[PDB]
Each structure stands twice: as C-alpha cells, then as structure tokens.
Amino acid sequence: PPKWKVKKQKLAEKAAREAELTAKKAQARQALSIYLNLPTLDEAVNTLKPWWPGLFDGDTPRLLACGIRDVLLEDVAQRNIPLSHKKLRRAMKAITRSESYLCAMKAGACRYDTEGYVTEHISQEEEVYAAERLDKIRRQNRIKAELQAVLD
C-alpha cells in the first residue's frame, strides 16, 4: 500500500516488540520476587565472616554447630556488633540453604563453633535431609537463573 502507510505500520510493529519485551521483563521481575527474599550467599558470608572468621574456610562456610545462633547473639551484644537478630537469622539461612553447604552435609562430617571446635558429626538422617533439600534448592536456582537472564 502507500509509503506513509508502511512507515506507520513498521513503527507500530517496532513499538509492539518493545512493549512486549518490556512486558515479559516486568513479568520475570514479579516472578523473581519470591526468590530474592533472602540475602545472597556472598552478602551472607560478608555479614558473618568479619565477626566469626572461624566459621569460614576462606569464603566457604563451614557446617555450623547446632544452636550456634544463640552464641552469636550473645557475642554481638558483648562486642556491640552492629547486627540485628533478623539480619543474623537471614544471613544464616542464606548460608545453610546454599548448594555448597548442603553438599557438605555428609555422614561423619564435622560441625564447628566459632573457636574452631568440632561440636557434632553429621548423621545419616541429616545427610538424607540435605540430599533432598539440595534437590529442591537446585531447581529453585535454575528457575531464578533463567528469570534473571530474561532481565539481562
């Protein structure tokens, strides 16, 4: 058909693609929301490592002594460390739910306290638990990686 007619059509198509794309990114954003409720592993490690370096081998979190949160809370107040119970709790969750931490939970593996003492050994029941959580965590991770790529 005419030229002004074609130029207006091509401009509409271009606007469509650009509105469509912006639409799926907004959708990916909303879907990703639930997967970003906890701090990232790097953020979690950086929250705890400065105060309790014994809990880390380099940047890698060691398996944590049972009930250690209560000890960390006590230490935060004695040292007047700027860290709320909530932020402590969230960083610990990000760590114990990471693939690396879950992979380390094998029968006979050691849990450590802040001074480097072994407090418990991982049981067969904890190993079964970890393998199953790992199965779901990886699925969640693949979903958020895909969604993030939509955004990138």
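From 1 onward, residues are counted along the sequence shown.
**Student:** Look up the CA B-factors in the entry and say which stretch, 85-93 or 47-55, has the higher mean.
**Tutor:** Averaging CA B-factors over each stretch, the winner is 85-93.
**Student:** For the higher mean C-alpha B factor in the entry, choose 36-44 or 121-129.
**Tutor:** Comparing averages over the C-alpha atoms only gives 36-44.
**Student:** Using the temperature factors in the entry, find which of 66, 110, 28, 102 has the highest value at its Cα atom.
**Tutor:** Highest C-alpha B-factor among the listed options: 28.
**Student:** Just say lowest, middle or highest third for the CA B-factor of residue 142 relative to the other modelled residues in its chain.
**Tutor:** According to the entry, residue 142 has a C-alpha B-factor in the chain's middle third.
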